[PDB]
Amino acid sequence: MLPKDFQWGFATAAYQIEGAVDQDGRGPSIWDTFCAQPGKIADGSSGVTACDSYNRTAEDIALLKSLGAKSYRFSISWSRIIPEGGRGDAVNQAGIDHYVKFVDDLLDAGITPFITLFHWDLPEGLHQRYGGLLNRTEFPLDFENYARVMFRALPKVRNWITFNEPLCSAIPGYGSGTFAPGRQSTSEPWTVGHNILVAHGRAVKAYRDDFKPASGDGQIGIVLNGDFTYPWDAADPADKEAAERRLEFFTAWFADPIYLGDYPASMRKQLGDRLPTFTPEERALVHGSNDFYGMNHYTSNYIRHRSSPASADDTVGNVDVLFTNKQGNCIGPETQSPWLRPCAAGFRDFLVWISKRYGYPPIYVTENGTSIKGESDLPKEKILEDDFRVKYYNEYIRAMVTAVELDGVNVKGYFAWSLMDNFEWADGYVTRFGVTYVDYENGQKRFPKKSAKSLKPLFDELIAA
């Protein structure tokens, strides 16, 4: 049994699905720029058309009703709202009107919106003007303004997310250079993470002070990813330590400041002066800034300690991240994503880890899902019979249930990533995470896969009353 008010649905992100990249006054994001650069996207694609969801809102809502979703998690493209991005820049009324209409249409359908303000698509103008996410002074001020514009425009919304997966904005974006804006630095990821946390805190303070509804059901929080860890050699205290330290670098990086008031000591030890120090003002903003814990989770790994000190290029916490352990056991089967091996037990375990470290917060699992190896090469009929994905959902959802029932974890909602196949960042369109097939060659036509239909009967069995 899950509580009667448990919310479930599907998730998407604006740049992954919307298309219409220059329609109705939209300014370029750092992702539009990145895709234009050679060798960044595996299939040489971009979000130019994607699923054309910007132009197919009625169809997307009808699909959500068809599948029985209670809620829908999606993001706002900042550059549709303020094309240049800053607090002194012109606001694009057309972009605001689009999202206002969309939210109205969702609520008229009886589906609750869960809205992400920042899903990696920083307006290119802010990146050029002042170094974007790198600027400790300017980025938080412009993010807060953007947040205020959206809070003011969408007063019927009750569920807000500031940032989706800041680790992905920071490490791939400024560490390895694999995601936009494609920079490579031993310091920049830590600078970026800090500015995101401050930006987040400013936005939450603005929400709480000036916009939260009298009805009291308004809530705001950040969304953090994090895959679970198991020691390579469980009998080696060093591997136990290494597995814990890995979680700290992945997730506590963000959640420790938010719940506990500072960065993980292990990060401070390794990173030294490369990791910023909160001022009293910044700590006041960041400490206590989550009304709920937003959780993205996909996989687990075995973690092995290293015999030497960490290098400056290290971002994982000086450990080997592996798919096999000392006994030759394997985490899970291959998917199309080299990093993703299904391991339902790790989902239960991650929920408990968060709960124990952060005082049993209310948790929304804002992303969970899988790709299927070679899915895009399959004939249509075979893509639609996505048994691998059906099983992924069945097992992961049951693991979540175990965490709720036995471990007492306070899970409030669950969102399947994704409602439809979409632009999977540096993978392009080859990697499919959708419960819905999208035939990009034939006008982005949609076809629900087996997994899309499987979630309602599953949740109807679980959700009480």
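The first residue of the sequence shown is number 1, and the count goes up from there.
Per the PDB record, of the two stretches 314-322 and 225-233, 314-322 carries the greater mean B-factor over its C-alpha atoms.
On average the C-alpha atoms of 173-181 have higher B-factors than those of the other stretch, with 173-181 and 295-303 being the two compared.
Between the residues 264, 288, 193, 379, it is 379 that shows the highest Cα B-factor in the PDB record. Looking at 73, 200, 87, 391, the one whose CA carries the top B-factor in the deposited record is 87.
When the modelled residues of the chain are ordered by C-alpha B-factor, residue 58 sits in the highest third. When all modelled residues of the chain are sorted by CA temperature factor, residue 135 is found within the highest third. When the modelled residues of the chain are ordered by C-alpha B-factor, residue 152 sits in the middle third. Among the modelled residues of its chain, residue 411 has a C-alpha B-factor that falls in the lowest third, as given in the PDB entry.
In the deposited entry, the Cα temperature factor of residue 93 sits in the top third of values across the chain's modelled residues.
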